[PDB]
């Protein structure tokens, strides 16, 4: 497991990770207080499946609750009140056990951290930050969803729970928790939540301070139309917006450019996510995914959130694409372990590894066929990927001797290796 920084110092840990999103939105409801036992038990399995890292849920206990009609949620970790690890996922003891098992099996553990806000109103919690000291966004004048003097990023909904992450004392508190996660909970890196909520640069500071050489990924879900009109980003592509963030945080970023094309364009347009970028400095920072706990469904209640779900008719094509292309791929727990795509995903992980495809591998798209047709230059082998295409044989688009590596869904999914 190669573990360097990119040529631009971005913390992509070698550029060869394959990540599992270690949870779905309803886990706290479906397997209450049992999740860490489940992962401990599945540890060997996850490692054998080919994952090099697991994105764990928020470790900080969350006992929040909300309801707006038919819809209810809370306790998933995004509205935590303390750094106490005895939450809805299991005990501190179980977490440690789980992190130990995972790590033992060779799987790095990446924790989801939420620095933007906290469950301010939670009556019983270990962290109490008073009003009037500049600890809160609302300690300042808060016009709208724009940076105020107490918060250099957007706010979460109303902004009444937003922290001044830049206050020396707030910064220092997070800093110390990141170091703790690394030293006692085996953190190999972090997934930075709601990154639009605070400065990019703070993330670099935090990584530098606590886990300089670890892996990090930022979740920036904010489209061009969410920036002010005078902002260059109001008129930029989704790619530019996320790339800009990554340049400043010095961390890989979720490929929302790819996700938006998967949702709104045709398969041929998939070549427009960050990961298809002709500049390696651009595509190597992309962290690709098909669905996450927000965008996709989850077993159980209300089908989870499904804010921007990829239809089942494209799931195999979507996985085939991310698993065989540049950037760092992420697999959603549910597709892997609940819905039966596991076998299919397993095969693709093996193709990816056999080919030596990494974050900066070159990708070329071919214009004369239907669907998406790409040539990927893995370090070990060349891959020909034809999704929902009329392509006849790999030789129509690439030089070399190819063997069929994958052929699924009545040929809608075909991958050949050199």
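Numbering follows the first chain given and starts at 1.
Between the stretches 159-167 and 134-142, it is 134-142 that shows the larger average CA temperature factor. Annotation for 404-412 versus 16-24: the higher mean temperature factor (C-alpha) is found in 404-412. Residues shown: 300, 77, 296, 326. Highest C-alpha temperature factor in the entry: 300.
Listed residues 124, 279, 291, 260 were ranked by CA B-factor as deposited; 124 comes out on top. Among the modelled residues of its chain, residue 285 has a C-alpha B-factor that falls in the lowest third according to the deposited record. Residue-level temperature factors show residue 232 in the highest third of its chain, judged at the C-alpha atom.
In the deposited entry, the Cα temperature factor of residue 92 places it in the middle third of its chain's modelled residues.
Per the deposited record, the Cα B-factor of residue 66 falls in the highest third when ranked against the other modelled residues of its chain.
Among all modelled residues in its chain, residue 361 ranks in the middle third by Cα B-factor.
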